[PDB]
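**Student:** Quick one: structure below, then a few questions.
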Amino acid sequence: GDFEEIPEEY
Amino acid sequence: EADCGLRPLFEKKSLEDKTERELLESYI
Amino acid sequence: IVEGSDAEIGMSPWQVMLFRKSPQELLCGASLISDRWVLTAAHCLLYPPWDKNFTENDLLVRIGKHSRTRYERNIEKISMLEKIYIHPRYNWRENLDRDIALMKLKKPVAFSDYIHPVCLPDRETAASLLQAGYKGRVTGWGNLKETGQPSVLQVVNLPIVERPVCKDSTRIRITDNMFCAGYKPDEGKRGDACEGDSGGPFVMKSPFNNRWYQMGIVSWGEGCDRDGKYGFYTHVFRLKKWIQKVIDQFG
Ligand SMILES: CC(C)C[C@@H](N)C(=O)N1CCC[C@H]1C(=O)NCc1ccc(C(=N)N)cc1
Ligand code: NA
Ligand code: NA
Numbered sequence: 054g055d056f057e058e059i060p061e062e063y
Numbered sequence: 333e334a335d336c337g338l339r340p341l342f343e344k345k346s347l348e349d350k351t352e353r354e355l356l357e358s359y360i
Numbered sequence: 364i365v366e367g368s369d370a371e372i373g374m375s376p377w378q379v380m381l382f383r384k385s386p387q388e389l390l391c392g393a394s395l396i397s398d399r400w401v402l403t404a405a406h407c408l409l410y411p412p413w414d415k416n417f418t419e420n421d422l423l424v425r426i427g428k429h430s431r432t433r434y435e436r437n438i439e440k441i442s443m444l445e446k447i448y449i450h451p452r453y454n455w456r457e458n459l460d461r462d463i464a465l466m467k468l469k470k471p472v473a474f475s476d477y478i479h480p481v482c483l484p485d486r487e488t489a490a491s492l493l494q495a496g497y498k499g500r501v502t503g504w505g506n507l508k509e510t518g519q520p521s522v523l524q525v526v527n528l529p530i531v532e533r534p535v536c537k538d539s540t541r542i543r544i545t546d547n548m549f550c551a552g553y554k555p556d557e558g559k560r561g562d563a564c565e566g567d568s569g570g571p572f573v574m575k576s577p578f579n580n581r582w583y584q585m586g587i588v589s590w591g592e593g594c595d596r597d598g599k600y601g602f603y604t605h606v607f608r609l610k611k612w613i614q615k616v617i618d619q620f621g
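Protein chains in written order, with the UniProt record's numbering: chain A, 54 to 63; chain B, 333 to 360; chain C, 364 to 510, 518 to 621.
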């Protein structure tokens, strides 16, 4: 939500 | 394991963090 | 963490964040205990009153973190769960007795300046350190107050409290598998764990060998940082046989 997106790979 | 509990940026370098001494001092 | 401070870089390199895949959010804290095993609270993973029941594929483990929300490129590592193990006698119905779980990682995580395992106590260390007035340290990215959320990992040091004081502070039934920690109203200082800090470690630095041991797991409380209330922690040493049994049987 407030979190930065992690690399799609994970 | 062998090296558990020894932090690279503190114990492994003989550096103390800012409040670990408060713990030491309570171990009376 | 209520009334704590920002952690230093590398101060708690065993700190793990349990992260929900969708919607992407913090679920709990946790601790790294070797290159493929993470320790947490059972209630982080299973709590039927709240319709909580996560499976391996619901979750990710994020290791080496400082910042709560940021993706910490070149520093954090993100791992998938191979298997979850919850204590077979975890008491979710009543008082969270035996509030402990293990998570096995799909692949071993690489240790670094920011990623390193904490020790689990042996009988002698626990006997020597688990004494009223002795301080441990709790860390997490949970709420800053009992009502916001921190930008970075928070830390607070708290004294173990005598068992009759723990008992008289609540109406919940306290077991030998729990301890409580925190300052008394008279003691002035304050601080506590809070929601979001769940599953994270209560650590002490052994003065015998200057290694950090995880004595507790953040488990439960009534409010956060209330005068006359104390945070409750799963007693790691008491449940050690189950921990080793699991790791020994599932390598
Ligand atoms: C039924 C239990 C014994 C009490 C309940 N308030 C509780 O704490 N629960 C009910 C289900 C999960 C757990 C929780 O919220 N843990 C988070 C938490 C809350 C407070 C603290 C604290 N130290 N103040 C720590 C963790
Ligand atoms: Na009571
Ligand atoms: Na309190």
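By construction, the Cβ of each residue, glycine as well, lies at the ideal position given by its N, Cα and C atoms.
Tell me, please, whether the CB atom of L341 of chain B is closer than 7 angstroms to any CB atom in chain C?
**Tutor:** Under the Cβ distance rule, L341 of chain B counts among the residues neighbouring chain C, one pair being separated by less than 7 angstroms.
**Student:** Report the partner residues of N416 of chain C according to the DSSP bridge assignment.
**Tutor:** C:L409
**Student:** Would you say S358 of chain B faces chain C, with C-beta separation under 7 angstroms as the test?
**Tutor:** yes
**Student:** What span of residues does the beta strand (DSSP E) with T502 of chain C cover, start to end?
**Tutor:** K498 to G503
**Student:** For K537 of chain C, report the span of its alpha helix (DSSP H) as first-last.
**Tutor:** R533 to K537
**Student:** What residue does the beta strand (DSSP E) around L422 of chain C start on, and which one ends it?
**Tutor:** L422 to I426
**Student:** Alpha carbon to alpha carbon, how far is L444 of chain C from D55 of chain A? Give it in angstroms, no decimals.
**Tutor:** Answer to the nearest angstrom: the Cα atoms are 24 angstroms apart.
**Student:** What are the complete alpha helix (DSSP H) segments, minimum 4 residues, inside the region 434-504 of chain C?
**Tutor:** 486-492
**Student:** Along chain B, which residues have their Cβ under 8 angstroms away from the Cβ of residue 515 of chain C?
**Tutor:** Within chain C, the sequence of modelled residues goes 510 then 518, so residue 515 of chain C has no position in this structure.
**Student:** For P471 of chain C, which residues in the same chain have their Cβ closer than 8 angstroms to its Cβ, ignoring the five residues on either side in sequence?
**Tutor:** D398 and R399
**Student:** Below 6 angstroms, is the gap between the Cβ of residue 331 of chain C and the nearest heavy atom of ligand 3?
**Tutor:** Since the first residue of chain C shown is 364 and the last is 621, residue 331 of chain C is not available in this structure.
**Student:** Measure the C-alpha to C-alpha separation of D556 of chain C and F382 of chain C and round it to an integer number of angstroms.
**Tutor:** Distance between the alpha carbons of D556 of chain C and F382 of chain C is about 38 angstroms.
**Student:** Spell out whether any CB of chain E is found under 7 angstroms from the CB atom of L355 of chain B.
**Tutor:** Here chain E cannot be found, since the structure's protein chains are A, B and C.
**Student:** Count Cβ pairs between the region 579-588 of chain C and the region 603-610 of chain C that sit closer than 8 angstroms; are there 3 or more?
**Tutor:** yes
**Student:** For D369 of chain C, list the residues DSSP reports as bridge partners.
**Tutor:** C:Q524
**Student:** Look at the alpha carbon of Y497 of chain C and the alpha carbon of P484 of chain C, and state the distance between them as a whole number of angstroms.
**Tutor:** 15 angstroms
**Student:** Going by C-alpha to C-alpha distance, which of C:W413, C:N547, C:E565 and C:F474 sits closest to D335 of chain B?
**Tutor:** C:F474
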